[PDB]
Amino acid sequence: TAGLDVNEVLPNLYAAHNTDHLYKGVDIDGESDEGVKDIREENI
Amino acid sequence: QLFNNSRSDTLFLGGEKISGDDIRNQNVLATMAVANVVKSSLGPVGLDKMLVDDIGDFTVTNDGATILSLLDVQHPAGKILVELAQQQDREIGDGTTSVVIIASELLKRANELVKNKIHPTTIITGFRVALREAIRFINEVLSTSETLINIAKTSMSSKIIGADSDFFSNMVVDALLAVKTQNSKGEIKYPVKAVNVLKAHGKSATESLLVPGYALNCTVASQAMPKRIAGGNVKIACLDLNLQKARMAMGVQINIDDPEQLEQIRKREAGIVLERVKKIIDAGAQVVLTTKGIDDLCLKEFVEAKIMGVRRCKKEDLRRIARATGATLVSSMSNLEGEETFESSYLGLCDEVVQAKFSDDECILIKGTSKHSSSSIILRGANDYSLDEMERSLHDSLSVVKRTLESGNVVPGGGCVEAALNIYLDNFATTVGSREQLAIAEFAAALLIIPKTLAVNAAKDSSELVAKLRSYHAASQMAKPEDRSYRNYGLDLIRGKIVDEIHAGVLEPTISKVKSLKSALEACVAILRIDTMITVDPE
Amino acid sequence: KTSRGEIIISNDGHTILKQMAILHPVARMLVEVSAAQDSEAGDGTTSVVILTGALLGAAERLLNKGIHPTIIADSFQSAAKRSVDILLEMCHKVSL
Amino acid sequence: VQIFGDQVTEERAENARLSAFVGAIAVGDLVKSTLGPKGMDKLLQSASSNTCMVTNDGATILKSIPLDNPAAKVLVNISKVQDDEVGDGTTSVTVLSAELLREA
Amino acid sequence: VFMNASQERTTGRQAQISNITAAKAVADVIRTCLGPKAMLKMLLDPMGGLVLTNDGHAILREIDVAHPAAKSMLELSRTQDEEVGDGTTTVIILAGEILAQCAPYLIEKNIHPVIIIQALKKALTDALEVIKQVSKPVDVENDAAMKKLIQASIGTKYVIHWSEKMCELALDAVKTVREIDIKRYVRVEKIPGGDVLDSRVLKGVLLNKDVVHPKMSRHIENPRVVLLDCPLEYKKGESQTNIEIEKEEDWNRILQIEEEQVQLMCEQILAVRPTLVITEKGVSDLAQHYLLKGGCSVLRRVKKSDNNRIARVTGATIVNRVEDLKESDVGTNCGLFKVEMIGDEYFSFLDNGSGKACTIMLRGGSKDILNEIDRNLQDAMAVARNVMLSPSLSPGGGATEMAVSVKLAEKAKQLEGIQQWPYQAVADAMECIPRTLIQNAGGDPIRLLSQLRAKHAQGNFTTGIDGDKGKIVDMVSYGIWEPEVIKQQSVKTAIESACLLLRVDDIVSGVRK
Amino acid sequence: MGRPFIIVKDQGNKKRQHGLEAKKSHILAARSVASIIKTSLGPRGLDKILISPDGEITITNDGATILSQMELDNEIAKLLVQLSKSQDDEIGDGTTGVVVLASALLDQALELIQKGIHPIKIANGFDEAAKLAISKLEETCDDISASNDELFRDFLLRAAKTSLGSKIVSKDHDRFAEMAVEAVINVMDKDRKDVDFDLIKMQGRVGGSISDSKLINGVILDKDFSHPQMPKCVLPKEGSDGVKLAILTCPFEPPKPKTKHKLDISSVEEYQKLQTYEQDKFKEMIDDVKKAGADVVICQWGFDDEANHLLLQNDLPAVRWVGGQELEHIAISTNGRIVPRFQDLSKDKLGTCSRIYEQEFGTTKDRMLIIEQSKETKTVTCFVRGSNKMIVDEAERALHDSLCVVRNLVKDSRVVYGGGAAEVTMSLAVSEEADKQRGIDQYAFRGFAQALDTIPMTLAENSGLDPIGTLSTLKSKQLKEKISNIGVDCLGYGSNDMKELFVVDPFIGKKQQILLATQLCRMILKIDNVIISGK
Amino acid sequence: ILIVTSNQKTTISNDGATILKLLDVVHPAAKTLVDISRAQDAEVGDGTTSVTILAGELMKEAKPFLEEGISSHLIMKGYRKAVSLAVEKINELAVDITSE
Ligand SMILES: Nc1ncnc2c1ncn2[C@@H]1O[C@H](COP(=O)(O)OP(=O)(O)O)[C@@H](O)[C@H]1O
Ligand SMILES: Nc1ncnc2c1ncn2[C@@H]1O[C@H](COP(=O)(O)OP(=O)(O)O)[C@@H](O)[C@H]1O
Ligand SMILES: Nc1ncnc2c1ncn2[C@@H]1O[C@H](COP(=O)(O)OP(=O)(O)O)[C@@H](O)[C@H]1O
Ligand code: BEF
Ligand code: BEF
Ligand code: BEF
Ligand code: BEF
Ligand code: BEF
Ligand code: BEF
Ligand SMILES: [Mg+2]
Ligand SMILES: [Mg+2]
Ligand SMILES: [Mg+2]
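Residues numbered from 1 in each chain as written, not as in the entry; some residues may be left out. Chains lettered and ligands numbered in written order. Part of a larger assembly, values for the part shown. Heavy atoms only, no water. Residues with missing side-chain atoms left out of burial classes, pairs and counts.

Student: Now, about the overall build of chain D: what can you tell me, with residues and values included?
Tutor: Within chain D, the secondary structure is distributed over four helices and two strands. When the helices and strands of chain D are listed from N to C terminus, the series reads α-β-β-α-α-α. Each principal axis of the C-alpha distribution contributes one length, and for chain D these read about 55 × 40 × 25 Å. (Helix = DSSP H or I, 4+ residues; strand = E, 2+ residues; numbered from the N terminus.)

Following this line, the structure appears as structure tokens:
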């Protein structure tokens, strides 16, 4: 829905999730086009 | 867009009229209609369509003009772009899809200047200026040139055989490079479709085998004839007259008055033929190729003489076998004196005449021509829909190679001829000034459609590449003489990054971009000049 | 677009009028005038029609003002005679 | 440029005069035989009811027969008026009414 | 109008789905017609005949298909038959599960088509090299080793019951047309009744014509044969000849010229000491008298194609011109001519030197089930002709296919990146033949594919499924080996297919012309 | 990129007139409307005979009427119907010329638009030009306020005369005019200067001639006398000088309550006590009138059969069933009062008359009740008669137009002179200031005035004279002299002097007949985009 | 504009809300422009015409980005702030007339 590389986000999202790993979930925008965001800090 | 009312003053029959703004719009809408169908089909990342006959019978293709040919177009200003689409395929061979999408945006933008306030005469003068400057710029950004293997391969991608581009690359190049011919005392052009293309459904796509001779789609007329003749110096009789029994010439009638003449006259209807058959066999002919008929009467003469002899073969084929083996086409043989003689020097020398079995179908191959190289391509693949298109994809790719060989100039394609023209013309806009400025300005940006849709078709974002491409082309106008060292150009779409398309090998022919725009203009010019349409109903 | 089907794009006025489907007999007379201008000049087929449309508009106002058309017609043709005379005197000749 | 609705009739000057006259004269020329001693009677019959009447009274003829022509329907009324205001002179009124318009 | 109206446009993923949907549901109508436990889909044709067989291409051939992606799929089993003969079933099942295992799993994960085509094009170049390295070359003229070939390729359709005879009929048919062959010099005249054990390849030709004259012999020992490309009545003027009679006598002289013209033919025909004369065109009622006195049994109006068949057996050459009938054109070494009678209808035989054409006499249990045997013999004669051209043999029965699976399953992991997903789904596709072969047998596919895939990795190429059992079997010891070109072309076109249909993203309907 | 779409609802049934080619179709529409009427302007006008969908006949000259009947369809024409319909309400006269001017103004605009001019600038040019015409008329108009009583009563006749001479009433327009003035004086409160047309009743009965059309100082009813034996004439008791009327709103019927009721009679003698209440409740009604001293009973609801004969016996002529509006007019003409119940009748609430007579309206038809007076009464019934149903109606329609021009003169006691003169002065005054306007408006002002000239031209046209001639004689004689009251002798006398000729049009009349034209003209010009649904 | 409704009701106007209301807009996306003008008549009275004009021209100048592979989510994430900045421009531009 955000228009990001499905094939480049999912591997970058799994990799960062293998205890600070527990918080990591996908985010929107160009800097986060790199990948994810620490969901514990955005109040999400 | 409310359906307009017929005037209460004017009186026109089986015909109504839409004026000024209503027409201008209807033209642009119908022009976009035609163009937008075939935008999806543009670029290496572009795709193909499936066009149902209505009976279910269909054709799958990319080649724009064939897609446009096929769509039933109803609007005048649609069929105009379709008439141009093919005018492309008869003057360049490729680029048919591009030329249509350019013309559309030229209209579309031109209109949005009139739909503002700017007069059409201003814009049409402002398109004249840009084009005079774009072609002058193209010739100053052309590269005169191994290289043919690219120009082929650039017209491979965007079409089915682009996945096996390298093979169907060296196919195309050698096939053409082996039919060189001079005309009009020095014109060295490579014949517009001399490479006879056949397609048979079998084997693999890679196993499509080029013929080092010529492919005839005919068989040895009689089954008792040899289906092969091999070894050096084989003699071929290229015929044109039929070998059958004649009705009394033309204005000739028969009045038998002496019964004994029944059999006399009837038997002599055999002779004339058997005598012309003999004057062919006895000339030293081993293989006969006749455009018109062979009688069962004249087959039994070839059979027993071991002469592999074909009947009813396309004269289009036979003349290109005449020019290649050494043979001369025999329309009919009558000497200096009235006598009907046939000298042995009439025949063509080759290597082999072998009838080769391809996927449930035999056809005759004239191998190893002596008088001049000859080349033919026999395609192989999945089904008829498969083959059909890769023949059309070849005709497009053999074409771009021809125009390279005909004209000593190539352009760095990949949409960098277009992208460079965007900023050059946009900067040229100030040289004139006034209202004529927005015109060239809209034209300069109306060229964006090629580099734009190429990257749209990749599904991912466009603007990332598109605007960052412009900067690199805006890095050639602020670039100094020595400091060239800044000059580079091109676009890649599989990896999706800006690449040097000369080093990458992306090459479109010179004319393919001149006769591309030249036409595209005289299209939208005519449409923009339209201010009233008057449609009159059938007889 | 022709009754027959052919597409025609033009600026030549006689070519425009001949190919639209004018129905009103008096309106068709206009095509004839535009044809006659082509067969006397080849140019001015547009000029000649507009003039009839503004001359007729003229005639209209005069009929509004109650002038017998016979007088209008003859004095309009008296307007021709004096005008073509002017063009003949005002024109600058050309070395052939 | 059409002005009115459909099934609307516009009879102007030149043609309006025709209706006016033709309508009156028609009505006059219908009762002319009623006038005078050696004058003759009309046989009126309706399509409704299967009824009839054998009459002279010019009013009774005109008041009965249906008509479309407005100019005629004018003289029809002036015939009723005379029958209301005098009782006699129905036919005389209409004929003199028409003959004036005939001479117009 | 803008375009034309009445035009249903299907675009994007929407159009993509329609193609994979149909192509995969095409495989569905033939899935239960694969291998040995396979069935017979009985078909009603349009104008009232009946077809009921297994032969993949003969099932599809009699089905009308509208959705272009399936019209592309069916006309793709045609390419296969027109090249090898057998494997017309397989091609479509693969064509399906290349588009099924490959496409939706990865086209609905945003991967662009044109990358997938390049990925699946490499997976073929790889797949072909695998098949050719897991196959083993065979002796093409070890008459008895070639019967094991044919024995395996018929062991599918209703003909199994009499394989031993069929292979002898197939192998002996191709043996006497071999310099290389064309199996259309092999007339397969089907004669109802008897039983299959009555079928006999005749080193010769069989005709349904009777001797044109009663007195002419129905039995000739060693007949010298003449073949004719021309009618045996007087010809007319091809120049529109017309006769204008003046004198009294004129009539008889002309009306005998035609009587004589035939005698001038017959004198020229009989002048080659013949005993048999066969013509493509019809024979006169006066020609028979001069050929009775010549001692020649005459046959009239016989098929053009039957003449080239006879002239190849008898050795005589066919001539149109009677004038130039030479000494060569006579039938040396045809050992017999008879007109045996097979219950009501007269048939003319031509039996017994160097043959190169042949007639297969078939006998069955109906005119209807005979066709279904001919459909099996055509598929038999094919697998025999393939091998003589391409001497190599694949180890079939799902084994050749599974080989392509783990070889491509290794190559995919060693490739990585994005091109890997489509590549690792042709490897996914290959196992579909074993998968349907376990199914049609009736065993648990997952349980047996497991003990197949892993038991292949370190357990030889020739490890496949036994049809009737539904267990793993080393195909060396069993005897199911399919010719190498079948496995070649099958994988070739089936991918060439999936890579034609993937290029479609748009379906415009109502096109015309 | 082509989808067949639905923007507006039922898009297939919606046609759209666009730009200029629409304006042509709009102006020419008004033009045609104009050609229908232009021939019906002035004393030399001719009448339009329109037929209703049912088949009823109308023969008129009242422009508003003409346009009101015709089944029209073109939206611009439809608008002009309402333009004339507007004038009739605001004034009563002028309905004819209002439309002519409007179309001529729209014509002049069409001529200028084809010269490449913005219509909103033309409309704005017209309105600023119309505001200069009305100002010159207000400056030059003559005034009857500074007049004596003898001359004011004359100028009102002169206007009536002018308004009438145009319509078939012209025969007796000496009589017909002298009706229109007489009616307005009687009924309009001087200091309020306000005239009610709900006070003047129009009555029409067919018979005889239009010469026999009289004004009656009271009311005319379609009712008879309640009992046949009752006399026709009613003469005032000598010493009273009046008749006296029992104006009642209660029935001569035993009183019954409004709310639902019933008796519950058990005793036979109590039903006898009810029986002898019926007759008594009647006698207590007749005595109630006799003792009030009334000579004639006029009652709204109906008399009972028993109550009618006792109304005869005691010499009380009665009027069964009288209209609500009609009772109001009686009580105002007779000076009397309206009486709810019998108990409320007094010798003070009586109606004073000079005569009550049942007239044989027809020779064979029906009788009518005339209640007349010799003194001036606030209500006045205007009885029009003719030789034909169509003449009757048109005569009533002629008085109402004539009556209106006098009502306008009581409101605005100032006059201008017609025969084109008024239109001419304006045309001349706007013309001279056109050159002093300059710029874009220079053509618009020139237009406005030039279009005005169609009124005098089409007068001269209908009357049978040269349009240019009459115009160029008239406009010139209004400059060479200081006079602004020079017109056309439509009738055909020697002079052009509208003053001496008594061709007089009210002031507000002319002014409204311009403002309504220029304003509507602005509305049409403002329109350029038209969207019409289906039928 | 002169609109004749489906029921013979003839109306002439310049009031945008009145034109857009008398026009029967069926298209569900173009019914937004009727509700966009209606709200302007409810809170203000004037602007009715101008609001629609503005509305369309925003959607119109967003087409050139949508023709290129741009998400609509990012386009409107840029308009949402632009309007919130347009209001801030007016607030500082609005003249309190009681003062001057
Ligand atoms: N590998 C490539 N990389 C970048 N651009 C390419 C490549 N191949 C072709 N193109 C561009 O795409 C265009 C090819 O258009 P195509 O879709 O084949 O239809 P047509 O040639 O009829 O316009 C060329 O103008 C060229 O500039
Ligand atoms: N007895 C068997 N057991 C297992 N597999 C078999 C057997 N016979 C044939 N097969 C396999 O199945 C294929 C034959 O099935 P068939 O229905 O004839 O399909 P096709 O018509 O495509 O050849 C062969 O290619 C072979 O690999
Ligand atoms: N006797 C007359 N002499 C000259 N002009 C007259 C005379 N009577 C009327 N007019 C002019 O003709 C017009 C009368 O037209 P008319 O048919 O009554 O329609 P309208 O309702 O517009 O007055 C007035 O404008 C007036 O100026
Ligand atoms: F789509 Be094209 F004519 F290379
Ligand atoms: F439009 Be023209 F006759 F130059
Ligand atoms: F015809 Be009548 F009234 F004597
Ligand atoms: F069922 Be198959 F094509 F042997
Ligand atoms: F014809 Be009008 F309203 F005096
Ligand atoms: F057109 Be608006 F409501 F000022
Ligand atoms: Mg191309
Ligand atoms: Mg008047
Ligand atoms: Mg406003």
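Student: Give a detailed account of the overall build of chain B, specifying residues and quantitative values.
Tutor: Helices and strands together make up the secondary structure of chain B, namely 17 helices and 20 strands. With the principal axes as the frame, chain B shows a C-alpha extent of 95 × 70 × 45 Å.

Student: Quick one: what's the story with the sheet that holds strand 7 (residues 219-221) of chain F, residue by residue and with numbers?
Tutor: Taking strand neighbours across the sheet as the criterion, the four strands line up as 7-13-12-8 (chain F) in an open arrangement whose pairing is antiparallel. A strand with exactly one partner marks an edge of an open sheet, and here the two such strands are strand 7 and strand 8 (233-234) of chain F. (Pairing = 2+ DSSP bridges.)

Student: Kindly report on the sheet that holds strand 15 (residues 414-417) of chain F, identifying the contributing residues and their values.
Tutor: Residues and elements named next belong to chain F. Here three strands make up an open sheet; going across it, the order is 4-15-16 and the pairing antiparallel. What marks the edges here is a single partner per strand, and that holds for strand 4 (142-143) and strand 16 (504-506). Docked against the sheet, helix 6 (residues 149-164) engages strand 15 and strand 16, running at close to 100° with respect to strand 16. (Contact = heavy atoms within 4.5 Å. Axes fitted to C-alpha atoms, helices over the stretch in contact; angles between N-to-C directions.)

Student: Describe the interface of chain E and chain B, with residues and values.
Tutor: In this complex, chain E contributes 64 residues to the contact, which on the side of chain B involves 63 residues. At the level of elements, helix 3 (68-74), helix 4 (77-81), helix 7 (113-134), strand 10 (241-243), helix 10 (250-269), helix 12 (304-314), helix 20 (484-501) and strand 22 (504-509) of chain E are the ones that each hand at least two residues to the side of chain E that touches chain B. Among the elements that take part in the side of chain E that touches chain B, helix 20 of chain E stands out by supplying seven residues, more than any other. Across five bridges, the pairing between strand 2 (residues 48-52) of chain B and strand 22 of chain E is parallel. When the sheet's bridge partners are listed, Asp48 of chain B is paired in strand 22 of chain E with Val504 of chain E.

Student: Go over the packing of aromatic side chains, please, and point to the residues and values.
Tutor: Pairing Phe137 of chain B with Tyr424 of chain B gives two aromatic rings, centres 4.3 Å apart and planes at 35°, and the pair type is tilted. Within the aromatic cluster, the residues linked to one another by ring pairs are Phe252, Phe303 and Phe342 of chain F. If you follow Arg355 of chain F out to its NZ or CZ, it ends over the ring of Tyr357 of chain F, 4.3 Å from the centre. (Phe/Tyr/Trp six-rings, centres within 6.5 Å; stacked < 30°, edge-to-face > 60°. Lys NZ or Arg CZ within 6 Å of the ring centre and 35° of its normal.)

Student: Explain the pairing of strand 17 (residues 376-380) of chain B residue by residue, including any values.
Tutor: Residue and element names in this part refer to chain B. The pairing of strand 6 (residues 197-200) with strand 17 spans four bridges and is classified as parallel. Each bridged residue has a counterpart across the sheet, and for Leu198 the counterpart in strand 17 is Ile378. Note that strand 7 (residues 209-211) and strand 17 share three bridges and pair antiparallel. Looking at the pairing, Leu210 lines up with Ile377 of strand 17.

Student: Could you give me a rundown of the domain arrangement of chain B, with the residues and numbers involved?
Tutor: Residue and element names in this part refer to chain B. Under the domain assignment used here, chain B contains domain 1 (1-145 + 409-539), domain 2 (146-211 + 373-408) and domain 3 (212-372). Domain 2 and domain 3 are separated by 31 Å when their C-alpha centres are compared. In this complex, domain 2 contributes 14 residues to the contact, which on the side of domain 3 involves 14 residues. Contributing elements (two or more residues each) for the side of domain 2 that touches domain 3: strand 6, strand 7 and strand 17. Counting residues per element, the side of domain 2 that touches domain 3 draws most heavily on strand 17, which supplies three residues. Its residues assigned to classes, the side of domain 2 that touches domain 3 shows six nonpolar, seven polar and one charged. (Domains from an automatic or database assignment. Nonpolar A, V, L, I, M, F, W, Y, C, P; charged D, E, K, R; others polar.)

Student: Which residues make up the pairing of strand 1 (residues 42-45) of chain D, and what values do they have?
Tutor: When a strand is regular, its side chains alternate between the sheet's two faces. All names here are of chain D. Across four bridges, strand 1 lies against strand 2 (residues 52-55) in antiparallel orientation. Each residue of the ladder has a partner; that of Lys42, found in strand 2, is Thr55. Counting the residues in the hairpin turn of strand 1 and strand 2 gives six residues, including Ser49, whose phi is positive at 75°.

Student: Tell me about the pattern of salt bridges, residues and numbers included.
Tutor: Notably, a salt bridge pairs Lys492 of chain E with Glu207 of chain B, separated by 3.7 Å at the nearest N-O pair. Highlighted residues: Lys492 of chain E in helix 20 and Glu207 of chain B in the loop between strand 6 and strand 7, drawn from two different chains. A salt bridge links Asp174 of chain F to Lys161 of chain F, with the nearest nitrogen and oxygen atoms 4.0 Å apart. Residue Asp174 of chain F is located in helix 7 (residues 173-187), and its partner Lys161 of chain F is located in helix 6; the two are separated by 13 residues in the primary sequence. (Salt bridge = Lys/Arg side-chain N within 4 Å of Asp/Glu carboxyl O.)

Student: Tell me what's going on with the packing of helix 3 (residues 76-89) of chain B against helix 4 (residues 96-114) of chain B, and back it up with residues and numbers.
Tutor: All names here are of chain B. Put simply, helix 3 and helix 4 touch, their axes get as near as 8 Å, and they point 145° apart. The handedness of the crossing between helix 3 and helix 4 comes out as right-handed. The residues of helix 4 that touch helix 3, namely those facing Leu81, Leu84, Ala85, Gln88 and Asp89, are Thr96, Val99, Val100, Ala103 and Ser104. A per-class count over the contact of helix 3 with helix 4 returns six nonpolar, three polar and one charged. (Left-handed = near helix turned anticlockwise from the far one by under 90°.)

Student: Any details on unusual backbone geometry? Residues and values, ideally.
Tutor: Residues apart from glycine generally show negative phi values, whereas peptide bonds are mostly found in trans. Phi at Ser49 of chain D takes a positive value of approximately 75°, unusual for a residue other than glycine. Along the chain, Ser49 of chain D turns up in the loop between strand 1 and strand 2. Although it is not a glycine, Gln8 of chain G adopts a positive phi angle of roughly 70°. With respect to the helices, strands and loops of the structure, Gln8 of chain G is situated in the loop between strand 1 (2-4) and strand 2 (10-12).

Student: Summarise the environment of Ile59 of chain F; cite the residues concerned and give the values.
Tutor: Summarising the element assignment, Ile59 of chain F is placed in strand 3 (residues 57-60). For the pair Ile59 of chain F and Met426 of chain F, spaced 367 residues apart in the sequence, the C-alpha separation amounts to 33 Å. Apart from the residues within four sequence positions on either side, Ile59 of chain F is in contact with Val74 of chain D together with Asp47, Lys48, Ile49, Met390, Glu394 and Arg397 of chain F.

Student: Mind laying out the arrangement of the chains, listing which residues take part and the relevant values?
Tutor: By contact count, the dominant pairing among the eleven pairs of chains in contact is that of chains B and E. Without any contact between them, chain A and chain D keep their closest C-alpha atoms 59 Å apart. Taking C-alpha atoms as the reference, chain C and chain D come no closer than 14 Å and do not contact one another.

Student: Go over the packing of helix 3 (residues 70-85) of chain D against helix 4 (residues 90-102) of chain D with me, naming the residues and quoting the values.
Tutor: Residue and element names in this part refer to chain D. For the pair helix 3 and helix 4, the least separation of the axes is 8 Å and the interaxial angle reads 145°. Every pair of crossing elements has a handedness; the one defined by helix 3 and helix 4 is right-handed. Residue-level contacts link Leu75, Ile78, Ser79, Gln82 and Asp83 of helix 3 to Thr90, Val93, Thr94, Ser97, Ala98 and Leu101 of helix 4. Counted by class, the contact of helix 3 with helix 4 contains five nonpolar, five polar and one charged residues.

Student: Help me get a handle on the environment of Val330 of chain E, residues and values and all.
Tutor: Within the secondary structure, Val330 of chain E is located in the loop between helix 12 and strand 13 (336-338). It is 8.3 Å that separates the C-alpha atoms of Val330 of chain E and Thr314 of chain E, two residues lying 16 residues apart in sequence.

Student: Kindly report on the side chain of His112 of chain E, identifying the contributing residues and their values.
Tutor: Note that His112 of chain E resides in the loop between helix 6 (103-107) and helix 7. Polar side-chain contacts of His112 of chain E include one of 2.9 Å to the backbone oxygen of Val45 of chain B. When sequence neighbours within four positions are dropped, the list of residues in contact with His112 of chain E reads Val45, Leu47 and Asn457 of chain B. (Polar contact = N/O pair within 3.5 Å; in protein donor to acceptor, adjacent residues only side chain to side chain.)

Student: For the environment of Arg503 of chain E, give the residues involved together with the corresponding values.
Tutor: Following the sequence through the fold, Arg503 of chain E ends up in the loop between helix 20 and strand 22. When the C-alpha atoms of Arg503 of chain E and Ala441 of chain E are compared, they prove to be 36 Å apart, with 62 residues separating the residues in sequence. Discounting chain neighbours no more than four positions away, the residues touching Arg503 of chain E are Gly46, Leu47, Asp48, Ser158, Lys159 and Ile160 of chain B together with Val114 and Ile117 of chain E. Polar contacts involving the side chain of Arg503 of chain E include one to the side chain of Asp48 of chain B, which spans 2.6 Å.

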